[PDB]
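Chemist:
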Ligand SMILES: *N[C@@H](Cc1ccccc1)P(=O)(O)O
Ligand SMILES: *N[C@@H](Cc1ccccc1)P(=O)(O)O
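Chains as they are written, first to last, in the entry's author numbering: chain A, 25 to 201, 205 to 334, 347 to 551, 557 to 716; chain A', 25 to 201, 205 to 334, 347 to 551, 557 to 716. A prime marks a further copy of an entry chain.
Okay, here's the thing in structure tokens:
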């Protein structure tokens, strides 16, 4: 028994976040959005909001028509009897004491005075057309429930505008949540002289042109009583935009979880930070899930198979992301309820033969969910900035080059240093955007609206935060792929150094007849030393390779006892010879190895090919043609970022992201 | 000609910030604050606000009495003729349409209904008594100008309350700027039954007890027409607190400038970042002054005399602090005007025989100056956090121990690591506090007060920020003194290592008969190496001293040519002997040197004794008894922080701070 509907809401929060995202993605890709008033999802809003030629269409449920007609007939019938009804024969808001019997004239006036927005020139003060399409879809879904008193034919007209991608121009600002912007949809439907629409290629259209292109026949609508109020008195603009925002935010949270694991891989972090006991003992489900996802990536990693504590951006990443995922998930359910709500006033209850006055236009679920989600996005951004900062810092990245520089000459390759500065600027602006909107409520409309939600303004700020998080995710992802390629370079160049030191050691020290403990210790120097600390000038006397090799020969000479006092068996007398032979040979050997790797024929294959995270690397590197960055070529990091950012904004990252987890059974690895 | 008073305001911003602070400090210490209505400074407010037994007294200018009596007589005379006057025979605010001829009864009612604050139990909802004293002083200064229509005897009564440290209890909250809190001063003067005061030792007093202790004779006042409005209708609580805040903020900005220079000293930064050409070419006077002050400290530094680029918290510190100083200075002039303004309504103009209605109670200068100053305080804090972070990090602090650890065993001394975490918590809360208050205005009082300044709320938040900045300054200052002592330890232990290496080198290598290029190169190793990288275990084979000493002997052996092939002149055959003699001798020599330094008899004196910054170190170390922190003793960093924080809060840091600059002539060093 669930009289206040807490139970059905709680049921919607079972199962994993990842399974919800997989469902959202499948829903988004369906060819038809069937609207009945109560099954709209944020992924259907996101799909319809697109203006990218996907071909998705909207169709209205015929099962809804009778209820819609009933309340429309009720309103018309109550005019014929000549009663007194708010928004039908009375004024609006604080001025509702005015009376009139010109019902159609009142609705015409309503749309006129709500057309109070400012467009100016250009598009800077215009609502994005995708958000207008989202608003149109959500408004239809509300009106289909049959409590609003509007003709079904008007909903059919809005549906044609959606399906033919003919979009009314709406002002960006003007709403405290959505009378003013929704009145520009009504104005297009009634052919107001200032009404404008945009066609699929951006052409500005008159209302007559828009009706013709959309396939609306019958001329402009003449609003019947209540129909203007039914069009404008709801939360569709704020909730439609919040839906688009949350669709991307849910995906980006999964991307942040997977990139935390790929980060761990290339950093050679200790995978035990994902151990399920740690997360089980905190009970938080977002943290448990985030750990299990990272553990899944790491359990199928060829880098972990190649393995005092890691720093917090690695080791506390499940604790950090967990509550953000929970907020984004909870916020999604709030918005999904809002886009299926009857946000209108008054409500026509034909069953009780009366209009019910209330406050369902008050968009508080939008403002709250968008403020909370914006703070969650800023936190995901801050972690990404901290991880990126560790990745490019040679003090912390366990042997990767400073700046992830790629070329032979570090003096002419500063790698990701510019990107790192950009990442700080993204993170800083994201922390600014994290401030709430909903604590700035003004007592409005002659103090009739003395609380108001500010939902659309908050959705807009969260939309801006998501865009910045995509800039950060793009830059981080390209950095991770650079690091992957640097680990491949590292393993191959280390193997070449080992082989060269071994061949020289044999040839020079095979006397004093074979110095064998010496050769193995020299090889241990190579195993121990960071390749990128010396490989740009491997035989330099001031770099660690030659210094530690000599130190090893000296250590063996001091332990060589009596044999060291005979020039024929002296290890010390071999040092100058060893160093000369190595200087003559190691440079060209390192160059040949690097050239071979650059030609696609490395001695050791790139281990990423055997990792579960390979689909993301493969997509960035092979599908998108993003290239390894190097000061030896003219290509800038931004040119590579463009490829990933544009693909990300087209949804092309979704498939390789989910592919990286597709064999996960949804449970953590056993701890018993 | 200066008809809008821009010119006289601009004149107040000439001369250096430091000279203004020196004047403020002298003003604060004067024994008598003489009030005439128009010469009050923030330093006089700060001095009077103190409840620390300084003995400062207030006295009222007799020259003010005639104007005060004139407007008080005017109000009484306009009652006798029976006219209509706002706040005298009419209601208040939005209810000013009500009429009455009971003039005294109206003022009694005014104080009753404004007594709408909440104290609860304890002091958490009570205005601090120092801020109440500031408010009382500022209100007298306003009323002395003679435009308010109040009896001079009431001002004399408030003066006795100040001079005898009898303070009415005021609620902390209740004002949008200061009717509600000021009505509790009026309530004490009229003996309201709920009125309470506090004596000098905290005893709660009835109004009768308070009058007796303060020396007010004549019984409770019975307010004459307008007198209640004259007491409560002004900005004295917000501006009084802003004055106290800005007094400390001005001093702390000079402290931040000087600590930036001491930071540069102990970091061995390049002093050229203070070069006047750099700052001259930006024109900003705060930056030019901040550079010249730091340059003055550094020009008299015995550490700079002992000397690719420094990091931003050092090298951009004048650029960073400059605009903060300008904001604090500009904000000070705004508040100094406000505390000398006639913030009251209506104004009695006996010259024109009329009351002038206006808005001078609108405390916008307070809200703006306190919001801007709070952001400036957060910026000074952020720089201090960044400097402290560099100071304790061995990657960045040019040879100081990680954490500024002080004991012989770093495994049992983590120095300032706890303080560093605390500094992040201080900085984080300061950045939170930097948000403004004045963008949260509500339309208030039946929408009569549809804009309001929120000045006191903003002053309170800036007061909290200043307190945190004092926590940060205390912790940083103790860290700087720790670093000073570590540089003293460093120079002495390095000298001992050099002498020991030299004596061993002589004794062991004086054969092959004296290895002289060898000895000088071994000494160059000691000169080059960071003492704190090895001095806890100086003869360890895995530490850099023994490694680089051996490397030097090996390098000389490889250059020794034919003599190296004879065991009698072999340098390589001396290594094991050299290392054994050094291991037998260097440990006890280092210990004797450290013990001698710990006993006050170092071989090399502490160079701080010859620096211009010595007064601050001497005060912290000798006057306050703050001690060098070491894991070898039980004393915690917090115990030492307490000494400095308490002294700082008593103003005891002012004298050594200004002493460090007292020979500065106020100009930068020539660049031509
Ligand atoms: N949200 C109000 C409708 C309205 C329309 C136009 C102007 C002002 C208000 P409600 O439904 O609460 O009357
Ligand atoms: N600031 C107003 C005085 C007032 C006193 C008590 C209640 C409400 C207002 P004003 O001087 O503008 O009338």
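Heads up, the beta-carbon is just placed ideally off N, CA and C, and yes, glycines get one too.
What residues in the stretch 475 to 495 of chain A have a beta carbon less than 8 Å from any beta carbon of chain A'?
Modeler: Answer set for the stretch 475 to 495 of chain A: 478, 479, 481, 482, 486.
Chemist: Which residue from A:82, A:46, A:180, A:236 puts its Cα closest to that of residue 158 of chain A?
Modeler: Cα-wise, what sits closest to residue 158 of chain A is A:82.
Chemist: Among A':572, A':698, A':60, which one has its Cα closest to the Cα of residue 92 of chain A'?
Modeler: Per the Cα distances, A':60.
Chemist: Checking 7 Å against the spacing of the C-beta atoms, do residue 258 of chain A and residue 213 of chain A come in under that value?
Modeler: In contact: residue 258 of chain A and residue 213 of chain A (Cβ atoms closer than 7 Å).
Chemist: Please classify residue 535 of chain A': does DSSP put it in a helix, a strand, or coil?
Modeler: In this structure, residue 535 of chain A' counts as helix in the three-state DSSP scheme.
Chemist: Within the continuous alpha helix (DSSP H) that includes residue 569 of chain A', where are the two ends?
Modeler: Taken as a continuous stretch (DSSP letters only), the alpha helix (DSSP H) holding residue 569 of chain A' covers 560 to 572.
Chemist: Just checking residue 139 of chain A against ligand 1 - is the residue's beta carbon closer than 6 Å to any of the ligand's heavy atoms?
Modeler: False, no ligand heavy atom lies under 6 Å from that Cβ.
Chemist: Please confirm if residue 389 of chain A' has its CB atom under 7 Å from at least one CB of chain A.
Modeler: It does not; no Cβ of chain A falls within 7 Å.
Chemist: Please name the residue in A:444, A:249, A:217 whose C-alpha comes closest to that of residue 676 of chain A.
Modeler: Checked all of A:444, A:249, A:217; the closest Cα to residue 676 of chain A is A:444.
Chemist: Only counting runs of 4 or more residues, tell me where the alpha helix (DSSP H) segments fall wholly within the stretch 103 to 139 of chain A', in order along the chain.
Modeler: Entirely contained in the stretch 103 to 139 of chain A', the alpha helix (DSSP H) runs reaching 4 residues are, in chain order, 127 to 138.
Chemist: Run down chain A in chain order and give the residues with a C-beta less than 7 Å from the C-beta of residue 609 of chain A'.
Modeler: Within 7 Å Cβ-Cβ: 611.
Chemist: Regarding residue 487 of chain A and ligand 2, is the C-beta to nearest heavy atom distance less than 6 Å?
Modeler: Residue 487 of chain A: no, Cβ never under 6 Å from ligand 2.
Chemist: Can you check whether the C-beta of residue 616 of chain A' is within less than 7 Å of a C-beta belonging to chain A?
Modeler: With 7 Å as the cut-off, residue 616 of chain A' counts as an interface residue toward chain A.
Chemist: For residue 258 of chain A', is the beta carbon positioned less than 6 Å from some heavy atom of ligand 2?
Modeler: No - ligand 2 has no heavy atom lying nearer than 6 Å to the Cβ of residue 258 of chain A'.
Chemist: Could you tell me the alpha carbon to alpha carbon distance between residue 664 of chain A and residue 690 of chain A, rounded to whole angstroms?
Modeler: Taking the straight line joining both Cα atoms gives about 12 Å.
Chemist: Could you check if residue 400 of chain A' belongs to the surroundings of ligand 2, using beta carbon to heavy atom distance under 6 Å?
Modeler: Under cutoff, so the answer is yes.
Chemist: Taking 6 Å as the cut-off, is the CB of residue 209 of chain A close to at least one heavy atom of ligand 3?
Modeler: The ligand content of the structure shown is limited to ligand 1 and ligand 2, which means ligand 3 is not among them.
Chemist: Provide the residue span of the beta strand (DSSP E) that contains residue 59 of chain A, from first to last.
Modeler: Per DSSP, residue 59 of chain A belongs to the beta strand (DSSP E) from 56 to 59.
Chemist: Going along the chain, which residues of its own chain have a beta-carbon closer than 8 Å to the beta-carbon of residue 679 of chain A, five neighbours each way excluded?
Modeler: If we look at residue 679 of chain A and ignore the five residues flanking it on each side, its Cβ neighbours are 671, 673.
Chemist: Quick check on the burial criterion: 16 or more other C-beta atoms within 10 angstroms. Buried or exposed for residue 684 of chain A?
Modeler: Its Cβ being crowded by 16 or more others within 10 Å, residue 684 of chain A is buried.
Chemist: Throw me the rounded Cβ distance for the residue 247 of chain A' and residue 217 of chain A' pair, which I believe falls under 8 Å.
Modeler: Between residue 217 of chain A' and residue 247 of chain A' the Cβ distance is about 5 Å, and since that is below 8 Å, they are a contact.
Chemist: Let me check you understand the geometry: is the CB of residue 117 of chain A' closer than 6 Å to at least one non-hydrogen atom of ligand 2?
Modeler: Indeed, a heavy atom of ligand 2 lies less than 6 Å from the Cβ.
Chemist: Only counting the same chain, and skipping five residues up and downstream in sequence, which positions put a Cβ closer than 6 Å to that of residue 485 of chain A?
Modeler: Same-chain partners within the cutoff: 118.
Chemist: Could you please give the first and the last residue of the uninterrupted beta strand (DSSP E) stretch that includes residue 387 of chain A?
Modeler: Here the beta strand (DSSP E) through residue 387 of chain A covers 386 to 388.
Chemist: Could you check whether the Cβ of residue 598 of chain A sits closer than 7 Å to any Cβ belonging to chain A'?
Modeler: True, the Cβ-Cβ gap to chain A' drops below 7 Å.
Chemist: Can at least three beta-carbon pairs, one atom from the stretch 59 to 74 of chain A and one from the stretch 376 to 384 of chain A, be found at a separation below 8 Å?
Modeler: Output reads yes: the stretch 376 to 384 of chain A touches the stretch 59 to 74 of chain A.
Chemist: Go through its chain and collect everything with a Cβ distance to residue 37 of chain A''s Cβ below 8 Å, but skip five positions before and after it.
Modeler: So the qualifying residues of the chain are 368, 369, 372.
Chemist: Can you determine whether any heavy atom of ligand 1 sits closer than 6 Å to the C-beta of residue 384 of chain A, and answer yes or no?
Modeler: Checking every heavy atom of ligand 1 against the Cβ of residue 384 of chain A, one is found closer than 6 Å.
Chemist: What number of angstroms, rounded off, separates the C-alpha of residue 69 of chain A from the C-alpha of residue 502 of chain A?
Modeler: Between residue 69 of chain A and residue 502 of chain A, the C-alpha separation is close to 15 Å.
Chemist: Terminal residues of the continuous beta strand (DSSP E) containing residue 393 of chain A'?
Modeler: Its beta strand (DSSP E) spans residues 393 to 395.
Chemist: Residues of chain A' with a CB under 7 Å from the CB of residue 620 of chain A: which are they?
Modeler: Ordered by position in chain A', the residues that pass the 7 Å Cβ test against residue 620 of chain A are 602.
Chemist: Going by C-alpha to C-alpha distance, which of A':374, A':571, A':396 sits closest to residue 263 of chain A'?
Modeler: Checking every option, the nearest Cα to that of residue 263 of chain A' belongs to A':374.
Chemist: Please identify, using Cβ separations under 9 Å, the residues of the stretch 430 to 456 of chain A' that lie next to chain A, in order along the chain.
Modeler: Listed by position along the chain: 434.
Chemist: Just verifying my parser: in three-state terms, what is the DSSP assignment at residue 34 of chain A'?
Modeler: The answer is helix: DSSP assigns residue 34 of chain A' an H, G or I state.
Chemist: Just to check, is the beta-carbon of residue 493 of chain A closer than 6 Å to a non-hydrogen atom of ligand 1?
Modeler: No, Cβ of residue 493 of chain A sits at least 6 Å from all heavy atoms of ligand 1.
Chemist: Please report the straight-line C-alpha distance between residue 294 of chain A' and residue 522 of chain A', rounded to a whole angstrom.
Modeler: For residue 294 of chain A' and residue 522 of chain A', the distance between alpha carbons rounds to 9 Å.
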